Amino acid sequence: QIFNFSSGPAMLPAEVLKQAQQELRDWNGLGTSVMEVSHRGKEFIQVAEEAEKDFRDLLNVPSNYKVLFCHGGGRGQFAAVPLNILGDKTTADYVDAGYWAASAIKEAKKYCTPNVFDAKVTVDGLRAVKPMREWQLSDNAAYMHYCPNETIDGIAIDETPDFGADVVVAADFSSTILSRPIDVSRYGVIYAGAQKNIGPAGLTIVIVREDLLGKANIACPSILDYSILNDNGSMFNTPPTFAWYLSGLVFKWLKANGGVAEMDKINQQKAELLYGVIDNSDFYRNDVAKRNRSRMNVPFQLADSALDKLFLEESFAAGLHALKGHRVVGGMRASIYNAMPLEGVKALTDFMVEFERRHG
């Protein structure tokens, strides 16, 4: 009855929350919560090992990659990436195609001189991104950073990186990881805040290629040092245990429902249904090129913005929450992450048609 379209923190699988709620005070017949046990006890160590295993199976992460669970969120990584894989070099390439990509560039300036490449273009009045083959990388860059999914702009770069063996790719997968199959071997570093497709806020997952370890700056706090996290099994210090446990339930939920392949198909239908309604309407509009349309974050605008308030009041009353767009861009936005069922996207589109019919 209630469908939550929050952009992050976002909706978690209903099934997962039922289990967490039921075991909140007595987990594993221990008579205590997962939140009350030591992270060094065998009970939690097993939960942490299962979670990493399930995640590796879900995305087919090769053996030469380390999977780390840490504090800091996505913005913590804006600093952790340069602090870890910059080495003795003083420049890195940063591709800008949205808010998050730009925010990463801002943080990077504290550690190096980033060579920025603006990939934004407007083709046919629609917002698109230049193909990777046109991206200009520099000769002595330590790595190249980009964001494949911009939550505010509703822009996605699905293209698989294919640069030389000489190029290290770092990417912010916070709002799109686990939504479709990806080739991890093409990347050097993949990071993602958990609060959108993985679990609750407070945990971050990082996938690092082995050979990139060992060259962290001495100024890097130990909690953000990939080498230290790796050496200690992401347990250098007390990790966010409840968040790690919930993320583990989500991975099991994904596996039980067909993995990333099935998730990809359902996400395709969800997106097609929504963009179809928007495109066929004179009342709603999305200005992103088809090739770069995000299936996770769908921003749109009403032809008559004077109806914004009424759209939000009625939508909320119909049980459709968090449809207001980001503070910086205005308009509306429906975030339809993995946890969001097709029936939820259908309830939204049904309301959109009815609203256009009554006030359009």
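The first residue of the shown sequence is 1; numbering continues from there.
*Asks:* If you average the CA temperature factors as listed in the entry, which stretch comes out higher, 97-105 or 247-255?
*Replies:* Between 97-105 and 247-255, it is 247-255 that shows the higher mean C-alpha B-factor.
*Asks:* Quick check on the record: does 319-327 or 23-31 carry the larger mean Cα temperature factor?
*Replies:* Here the higher of the two C-alpha B-factor means belongs to 23-31.
*Asks:* Can you pull the Cα B-factors for 78, 146, 117, 163 from the entry and say which is highest?
*Replies:* Answer, based on the entry's C-alpha B-factors: 163.
*Asks:* Name the one of 296, 68, 332, 48 with the greatest CA B-factor according to the PDB entry.
*Replies:* So the option with the highest C-alpha B-factor is 48.
*Asks:* So where's residue 262 on the chain's Cα temperature factor ranking, which third?
*Replies:* It falls in the top third of the chain.
*Asks:* Lowest, middle or highest third of the chain for the C-alpha temperature factor of residue 73?
*Replies:* Ranked within chain, residue 73 CA B lands in the lowest tercile.
*Asks:* Thinking about Cα B factors across the chain, which third does residue 239 belong to?
*Replies:* Its C-alpha B-factor, which the entry lists for residue 239, ranks in the middle third among residues of this chain.
*Asks:* Determine, from the deposited record, the chain-internal third of the Cα B-factor for residue 91: lowest, middle or highest.
*Replies:* Tercile = highest for this residue's CA B-factor.
*Asks:* Give the position of residue 276 by CA B-factor within its chain, expressed as the lowest, middle or highest third.
*Replies:* Its C-alpha B-factor, which the entry lists for residue 276, ranks in the lowest third among residues of this chain.
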